[PDB]
file entry.pdb (PDB, C-alpha atoms)
ATOM      1  CA  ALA K  13      81.527  47.517 110.810  1.00  0.00           C
ATOM      2  CA  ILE K  14      84.508  49.919 110.618  1.00  0.00           C
ATOM      3  CA  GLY K  15      86.994  47.322 111.878  1.00  0.00           C
ATOM      4  CA  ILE K  16      86.530  45.005 108.889  1.00  0.00           C
ATOM      5  CA  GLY K  17      87.627  47.516 106.291  1.00  0.00           C
ATOM      6  CA  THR K  18      90.706  48.637 108.255  1.00  0.00           C
ATOM      7  CA  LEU K  19      92.137  45.138 108.021  1.00  0.00           C
ATOM      8  CA  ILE K  20      91.545  44.867 104.278  1.00  0.00           C
ATOM      9  CA  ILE K  21      93.243  48.088 103.286  1.00  0.00           C
ATOM     10  CA  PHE K  22      96.152  47.290 105.635  1.00  0.00           C
ATOM     11  CA  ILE K  23      96.855  44.234 103.449  1.00  0.00           C
ATOM     12  CA  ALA K  24      97.113  46.450 100.403  1.00  0.00           C
ATOM     13  CA  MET K  25      99.565  48.850 102.089  1.00  0.00           C
ATOM     14  CA  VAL K  26     101.874  45.881 102.797  1.00  0.00           C
ATOM     15  CA  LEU K  27     101.820  44.511  99.285  1.00  0.00           C
ATOM     16  CA  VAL K  28     102.371  47.921  97.660  1.00  0.00           C
ATOM     17  CA  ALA K  29     105.424  48.638  99.849  1.00  0.00           C
ATOM     18  CA  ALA K  30     106.696  45.147  99.011  1.00  0.00           C
ATOM     19  CA  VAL K  31     106.352  45.749  95.264  1.00  0.00           C
ATOM     20  CA  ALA K  32     108.219  49.041  95.542  1.00  0.00           C
ATOM     21  CA  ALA K  33     110.997  47.455  97.566  1.00  0.00           C
ATOM     22  CA  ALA K  34     111.411  44.807  94.869  1.00  0.00           C
ATOM     23  CA  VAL K  35     112.174  47.541  92.317  1.00  0.00           C
ATOM     24  CA  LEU K  36     114.882  49.067  94.464  1.00  0.00           C
ATOM     25  CA  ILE K  37     116.519  45.722  95.368  1.00  0.00           C
ATOM     26  CA  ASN K  38     116.417  44.407  91.785  1.00  0.00           C
ATOM     27  CA  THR K  39     117.685  47.643  90.252  1.00  0.00           C
ATOM     28  CA  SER K  40     120.613  47.694  92.673  1.00  0.00           C
ATOM     29  CA  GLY K  41     121.427  44.173  91.481  1.00  0.00           C
ATOM     30  CA  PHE K  42     121.240  45.211  87.810  1.00  0.00           C
ATOM     31  CA  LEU K  43     123.668  48.060  88.402  1.00  0.00           C
ATOM     32  CA  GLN K  44     126.105  46.053  90.520  1.00  0.00           C
ATOM     33  CA  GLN K  45     127.189  44.076  87.440  1.00  0.00           C
ATOM     34  CA  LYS K  46     127.915  47.032  85.152  1.00  0.00           C
ATOM     35  CA  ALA K  47     129.518  49.097  87.888  1.00  0.00           C
ATOM     36  CA  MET K  48     132.207  46.505  88.510  1.00  0.00           C
ATOM     37  CA  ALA K  49     132.666  45.660  84.822  1.00  0.00           C
ATOM     38  CA  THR K  50     133.351  49.281  83.898  1.00  0.00           C
ATOM     39  CA  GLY K  51     136.085  49.713  86.487  1.00  0.00           C
ATOM     40  CA  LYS K  52     137.964  46.522  85.675  1.00  0.00           C
ATOM     41  CA  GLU K  53     137.821  47.126  81.918  1.00  0.00           C
ATOM     42  CA  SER K  54     138.957  50.722  82.230  1.00  0.00           C
ATOM     43  CA  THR K  55     141.945  49.824  84.386  1.00  0.00           C
ATOM     44  CA  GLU K  56     143.147  47.063  82.061  1.00  0.00           C
ATOM     45  CA  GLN K  57     142.987  49.587  79.192  1.00  0.00           C
ATOM     46  CA  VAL K  58     145.108  52.254  80.826  1.00  0.00           C
ATOM     47  CA  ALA K  59     147.698  49.841  82.241  1.00  0.00           C
ATOM     48  CA  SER K  60     148.400  47.608  79.255  1.00  0.00           C
ATOM     49  CA  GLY K  61     150.485  48.263  76.132  1.00  0.00           C
ATOM     50  CA  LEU K  62     153.512  47.246  74.027  1.00  0.00           C
ATOM     51  CA  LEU K  63     156.821  49.010  73.400  1.00  0.00           C
ATOM     52  CA  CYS K  64     159.149  49.000  70.373  1.00  0.00           C
ATOM     53  CA  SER K  65     162.680  48.041  71.122  1.00  0.00           C
TER
ATOM     54  CA  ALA B  13      45.569  40.738 124.772  1.00  0.00           C
ATOM     55  CA  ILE B  14      48.201  43.215 123.504  1.00  0.00           C
ATOM     56  CA  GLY B  15      50.784  42.291 126.146  1.00  0.00           C
ATOM     57  CA  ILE B  16      51.157  38.696 124.942  1.00  0.00           C
ATOM     58  CA  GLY B  17      52.293  39.583 121.451  1.00  0.00           C
ATOM     59  CA  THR B  18      54.820  42.197 122.627  1.00  0.00           C
ATOM     60  CA  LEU B  19      56.756  39.505 124.462  1.00  0.00           C
ATOM     61  CA  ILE B  20      56.817  37.155 121.474  1.00  0.00           C
ATOM     62  CA  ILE B  21      58.179  39.618 118.956  1.00  0.00           C
ATOM     63  CA  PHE B  22      60.753  40.822 121.514  1.00  0.00           C
ATOM     64  CA  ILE B  23      62.229  37.298 121.433  1.00  0.00           C
ATOM     65  CA  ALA B  24      62.657  37.548 117.688  1.00  0.00           C
ATOM     66  CA  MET B  25      64.436  40.927 117.904  1.00  0.00           C
ATOM     67  CA  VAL B  26      66.996  39.344 120.268  1.00  0.00           C
ATOM     68  CA  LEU B  27      67.710  36.344 118.100  1.00  0.00           C
ATOM     69  CA  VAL B  28      68.036  38.399 114.901  1.00  0.00           C
ATOM     70  CA  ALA B  29      70.556  40.783 116.507  1.00  0.00           C
ATOM     71  CA  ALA B  30      72.424  37.738 117.826  1.00  0.00           C
ATOM     72  CA  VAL B  31      72.632  36.160 114.365  1.00  0.00           C
ATOM     73  CA  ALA B  32      73.951  39.395 112.884  1.00  0.00           C
ATOM     74  CA  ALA B  33      76.545  39.750 115.618  1.00  0.00           C
ATOM     75  CA  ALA B  34      77.765  36.221 114.899  1.00  0.00           C
ATOM     76  CA  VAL B  35      78.572  37.245 111.311  1.00  0.00           C
ATOM     77  CA  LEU B  36      80.647  40.202 112.413  1.00  0.00           C
ATOM     78  CA  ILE B  37      82.538  38.292 115.144  1.00  0.00           C
ATOM     79  CA  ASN B  38      83.227  35.269 112.916  1.00  0.00           C
ATOM     80  CA  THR B  39      84.299  37.351 109.928  1.00  0.00           C
ATOM     81  CA  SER B  40      86.730  39.308 112.098  1.00  0.00           C
ATOM     82  CA  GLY B  41      88.206  35.964 113.156  1.00  0.00           C
ATOM     83  CA  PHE B  42      88.527  34.790 109.538  1.00  0.00           C
ATOM     84  CA  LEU B  43      90.405  37.942 108.588  1.00  0.00           C
ATOM     85  CA  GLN B  44      92.683  37.972 111.630  1.00  0.00           C
ATOM     86  CA  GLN B  45      94.553  34.920 110.302  1.00  0.00           C
ATOM     87  CA  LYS B  46      95.257  36.227 106.795  1.00  0.00           C
ATOM     88  CA  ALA B  47      96.058  39.733 107.967  1.00  0.00           C
ATOM     89  CA  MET B  48      98.928  38.544 110.132  1.00  0.00           C
ATOM     90  CA  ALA B  49     100.140  35.944 107.622  1.00  0.00           C
ATOM     91  CA  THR B  50     100.465  38.516 104.846  1.00  0.00           C
ATOM     92  CA  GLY B  51     102.617  40.864 106.900  1.00  0.00           C
ATOM     93  CA  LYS B  52     105.035  38.237 108.176  1.00  0.00           C
ATOM     94  CA  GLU B  53     105.467  36.647 104.743  1.00  0.00           C
ATOM     95  CA  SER B  54     106.019  39.975 103.026  1.00  0.00           C
ATOM     96  CA  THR B  55     108.681  41.058 105.502  1.00  0.00           C
ATOM     97  CA  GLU B  56     110.639  37.806 105.241  1.00  0.00           C
ATOM     98  CA  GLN B  57     110.632  38.260 101.443  1.00  0.00           C
ATOM     99  CA  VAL B  58     112.051  41.762 101.410  1.00  0.00           C
ATOM    100  CA  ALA B  59     114.666  41.115 104.106  1.00  0.00           C
ATOM    101  CA  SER B  60     116.168  37.825 102.958  1.00  0.00           C
ATOM    102  CA  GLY B  61     118.646  37.089 100.155  1.00  0.00           C
ATOM    103  CA  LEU B  62     122.095  35.740  99.204  1.00  0.00           C
ATOM    104  CA  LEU B  63     125.197  37.504  97.899  1.00  0.00           C
ATOM    105  CA  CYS B  64     127.994  36.342  95.573  1.00  0.00           C
ATOM    106  CA  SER B  65     131.432  36.678  96.994  1.00  0.00           C
TER
END
call {"tool": "encode", "arguments": {"input": "entry.pdb", "output": "C-alpha cells"}}
result
Amino acid sequence: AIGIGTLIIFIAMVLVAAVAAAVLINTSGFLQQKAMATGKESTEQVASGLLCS
Amino acid sequence: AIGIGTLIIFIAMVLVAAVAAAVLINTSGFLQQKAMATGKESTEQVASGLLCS
C-alpha cells in the first residue's frame, strides 16, 4: 500500500526541481545579452571623439 | 455437518486475497515504467543545450 504513494510523489519532486532549474537557466540567458551589450557600448563611448584642428 | 462449510468458505478467502494482491502487483508494474521515464527525460532536458559562439 505504502509503496504506491512513494512513487507518485517522487514524480512531483522531479518536475518541481525541473521547473525551478528552467528559471535559473532562462534568467541567465536573459542577462547574458544585456551584460555584454552594456560593456561594448560603454567602451565605444569613452574611446571615441573628434578634435578641432 | 459444520466441517464441510468451513472448507468451502476458506477457498473463497484465498481467491479473494489473491485477486487483491494481483491489483497491487500489477499496479506497481504499471507505475515502474513511468517513474523511470520521467526522471531520465527530465534530466536530459535540464542538462542539454547549445551556445552561440
call {"tool": "residues_around", "arguments": {"input": "entry.pdb", "residues": "range 49-61 of chain B", "least_positions_apart": "5", "cutoff": "8 Å", "atoms": "only C-alpha atoms", "output": "VMD selection string"}}
result
chain K and resid 23 26 to 27 30 33 to 34
call {"tool": "interface_residues", "arguments": {"input": "entry.pdb", "of": "chain K", "to": "chain B", "cutoff": "12 Å", "atoms": "all atoms listed in the file", "output": "list in words"}}
result
residues 13, 14, 15, 16, 17, 18, 19, 20, 21, 22, 23, 24, 25, 26, 27, 28, 29, 30, 31, 32, 33, 34, 35, 36, 37, 38, 41, 44 and 45 of chain K
call {"tool": "axis_aligned_box", "arguments": {"input": "entry.pdb", "around": "range 29-48 of chain K", "padding_each_side": "8 Å", "output": "JSON"}}
result
{"center_x": 118.8, "center_y": 46.6, "center_z": 92.5, "size_x": 42.8, "size_y": 21.0, "size_z": 30.7}
call {"tool": "build_atoms", "arguments": {"input": "entry.pdb", "residues": "range 33-63 of chain K", "atoms": "N, CA and C atoms", "output": "CSV table (one decimal), in the frame of the given file"}}
result
chain,number,residue,atom,x,y,z
K,33,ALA,N,109.7,47.9,97.1
K,33,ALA,CA,111.0,47.5,97.6
K,33,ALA,C,111.7,46.6,96.5
K,34,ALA,N,110.9,45.7,95.9
K,34,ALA,CA,111.4,44.8,94.9
K,34,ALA,C,112.1,45.6,93.8
K,35,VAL,N,111.6,46.7,93.3
K,35,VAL,CA,112.2,47.5,92.3
K,35,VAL,C,113.6,48.0,92.8
K,36,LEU,N,113.7,48.4,94.0
K,36,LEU,CA,114.9,49.1,94.5
K,36,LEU,C,116.0,48.0,94.6
K,37,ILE,N,115.6,46.8,95.1
K,37,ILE,CA,116.5,45.7,95.4
K,37,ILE,C,117.1,45.2,94.0
K,38,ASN,N,116.1,44.9,93.1
K,38,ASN,CA,116.4,44.4,91.8
K,38,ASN,C,117.4,45.4,91.0
K,39,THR,N,117.0,46.6,91.0
K,39,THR,CA,117.7,47.6,90.3
K,39,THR,C,119.1,47.7,90.8
K,40,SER,N,119.3,47.6,92.1
K,40,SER,CA,120.6,47.7,92.7
K,40,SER,C,121.5,46.5,92.1
K,41,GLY,N,120.8,45.4,92.1
K,41,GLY,CA,121.4,44.2,91.5
K,41,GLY,C,121.9,44.4,90.0
K,42,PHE,N,121.0,45.0,89.2
K,42,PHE,CA,121.2,45.2,87.8
K,42,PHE,C,122.4,46.1,87.6
K,43,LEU,N,122.6,47.1,88.5
K,43,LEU,CA,123.7,48.1,88.4
K,43,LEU,C,125.0,47.5,88.9
K,44,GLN,N,124.9,46.6,89.9
K,44,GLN,CA,126.1,46.1,90.5
K,44,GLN,C,127.0,45.5,89.5
K,45,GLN,N,126.5,44.7,88.5
K,45,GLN,CA,127.2,44.1,87.4
K,45,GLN,C,128.0,45.1,86.7
K,46,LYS,N,127.3,46.1,86.1
K,46,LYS,CA,127.9,47.0,85.2
K,46,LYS,C,128.9,47.9,85.9
K,47,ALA,N,128.6,48.2,87.1
K,47,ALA,CA,129.5,49.1,87.9
K,47,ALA,C,130.9,48.4,87.9
K,48,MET,N,130.9,47.2,88.4
K,48,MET,CA,132.2,46.5,88.5
K,48,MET,C,132.9,46.4,87.1
K,49,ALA,N,132.2,45.9,86.2
K,49,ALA,CA,132.7,45.7,84.8
K,49,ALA,C,133.4,46.9,84.3
K,50,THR,N,132.8,48.1,84.5
K,50,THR,CA,133.4,49.3,83.9
K,50,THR,C,134.7,49.6,84.5
K,51,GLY,N,134.9,49.4,85.8
K,51,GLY,CA,136.1,49.7,86.5
K,51,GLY,C,137.2,48.8,86.0
K,52,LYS,N,137.0,47.5,86.0
K,52,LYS,CA,138.0,46.5,85.7
K,52,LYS,C,138.5,46.8,84.3
K,53,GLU,N,137.5,46.9,83.3
K,53,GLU,CA,137.8,47.1,81.9
K,53,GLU,C,138.7,48.4,81.8
K,54,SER,N,138.3,49.5,82.4
K,54,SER,CA,139.0,50.7,82.2
K,54,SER,C,140.4,50.7,82.7
K,55,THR,N,140.6,49.9,83.8
K,55,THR,CA,141.9,49.8,84.4
K,55,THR,C,142.8,49.1,83.4
K,56,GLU,N,142.4,47.9,82.9
K,56,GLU,CA,143.1,47.1,82.1
K,56,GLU,C,143.6,47.8,80.8
K,57,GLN,N,142.7,48.7,80.3
K,57,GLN,CA,143.0,49.6,79.2
K,57,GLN,C,144.1,50.5,79.5
K,58,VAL,N,144.1,51.2,80.6
K,58,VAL,CA,145.1,52.3,80.8
K,58,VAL,C,146.5,51.7,81.1
K,59,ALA,N,146.5,50.4,81.7
K,59,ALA,CA,147.7,49.8,82.2
K,59,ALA,C,148.5,49.1,81.2
K,60,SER,N,147.8,48.5,80.2
K,60,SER,CA,148.4,47.6,79.3
K,60,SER,C,148.9,48.3,78.0
K,61,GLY,N,149.9,47.7,77.3
K,61,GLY,CA,150.5,48.3,76.1
K,61,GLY,C,151.7,47.5,75.7
K,62,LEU,N,152.3,47.9,74.5
K,62,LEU,CA,153.5,47.2,74.0
K,62,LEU,C,154.5,48.4,73.7
K,63,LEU,N,155.8,48.0,73.6
K,63,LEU,CA,156.8,49.0,73.4
K,63,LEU,C,157.9,48.5,72.4
